[PDB]
Structures are given as structure tokens and as C-alpha cells.
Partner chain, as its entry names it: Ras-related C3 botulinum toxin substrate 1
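Presented as C-alpha cells, the chain that follows is alone, the form solved without its partner chain.
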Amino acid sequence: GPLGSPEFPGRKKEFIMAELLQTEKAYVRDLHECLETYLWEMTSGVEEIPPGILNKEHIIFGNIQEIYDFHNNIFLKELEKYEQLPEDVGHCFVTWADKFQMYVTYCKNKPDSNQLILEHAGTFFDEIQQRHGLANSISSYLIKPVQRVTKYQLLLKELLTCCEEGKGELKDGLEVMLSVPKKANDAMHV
């Protein structure tokens, strides 16, 4: 029934490579619709933004603006070239490993982001929601990055343990993924 114990690595030749190909497009699109909605209206000063979050756009959504642009013109269109080869995406987490330091910044601002959307952001995003047909709460999008970095660990652990031919780069692609949220805790100072 609605369980997942008989193991279910997705449906198609490229099972879980499709799970990564799809989360690019899901991630660059879900970043797109974020800048255009919640970030747009706070930077365009067209609604009354509570005195706590107005110049705290960079807290509410952190540095998400830099994520869209860089993925839609790089990570996505670099990944679709690996559609025929999930053996080469270990080379892709590493190709940009140092750029993953941006994820250590993102997470350090995450909790204080939370605080501001709870107490002093208020209900303001609920009205914008309905105007554009957002359907989903604000909190959902801004936390998604951390849901996404778990997914990277999910699929990458799959490849590096099951690739009959694991040419290389895979475990390094892993260690970079793991050192980021680890760093954020150690380097706690935001």
C-alpha cells in the first residue's frame, strides 16, 4: 500500500538522475517565483512592510537572489548534459564545490530569518499569496534550500555506492556537501 519498504528508486532508465535533473528545474523555478513575489514586493515598497522586515529582505529570504541566476545559467544547464551519465555528476558537485560555501552563509541566516517571518513579518505574505496564486506559505520556500541539500546527499550517496563504474569525484562531492552545514555550526557567528 502507501508504504515504501519494497524499495522504490523512481520510474525510468535514469531513476534518480531524473530526481536531480528535476530538482534543478524545481529549484531554479521555485527561486524564480520567490524573487518575483515576496522579494519583489518588499524591495518595490508598494505594500506596508512592518518596521522589522522592510530592510530585512536579506534576512527573510537570505541571499536567494544569487541562487536563481547562478543555477538557471549554470547548474541546471550543466546538469542536463549528464542526463546520459549520472557517473559524471560527482564531478559537478565538486566543479562548484567552493561555490557551495554560499550554502554555509545561507544556513547561518536561516533561524534569524525564521524569527523575523514569525514575530515581525506577520500575515503580509498571505495577501500576496492570493494575488499571484502562490498556494504555499512563505516559510516553505525559504526553508526548501535545506530540504534540497538533503536531497543532494540522498541521490549522491546512491550514486557513489551503486555506480558499478564510479570513475571518481563522488566521495569528494559528498565531503563538500557535508562540510557546508557542518561549517555553519562551527562558524556559528552570523
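Positions refer to the first chain, counted from 1.
In what follows, reference is made to the form deposited with its partner chain bound, a form of this protein that is not presented.
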| property | result |
| --- | --- |
| Option touching its partner chain, based on a heavy atom within 4.5 Å in the bound PDB entry, out of 65, 43, 139, 37 | 139 |
| Contacting member of 147, 55, 130, 123, with respect to its partner chain in the bound PDB entry [4.5 Å, heavy atom] | 147 |
| Check all three, 28, 79 and 171, heavy atom within 4.5 Å of its partner chain in the bound PDB entry | no |
| 4.5 angstroms heavy atom contact with its partner chain in the bound PDB entry for residue 92 | no |
| Partner contact for residue 167 in the bound PDB entry: its partner chain, 4.5 angstroms, heavy atom | no |
| Heavy atom of residue 161 within 4.5 Å of its partner chain in the bound PDB entry | no |
| Contact test in the bound PDB entry: residue 85 vs its partner chain, heavy atoms, 4.5 Å | no |
| Stretch 107-140 - residues with a heavy atom within 4.5 Å of its partner chain in the bound PDB entry | 107, 110, 111, 114, 118, 135, 136, 139, 140 |
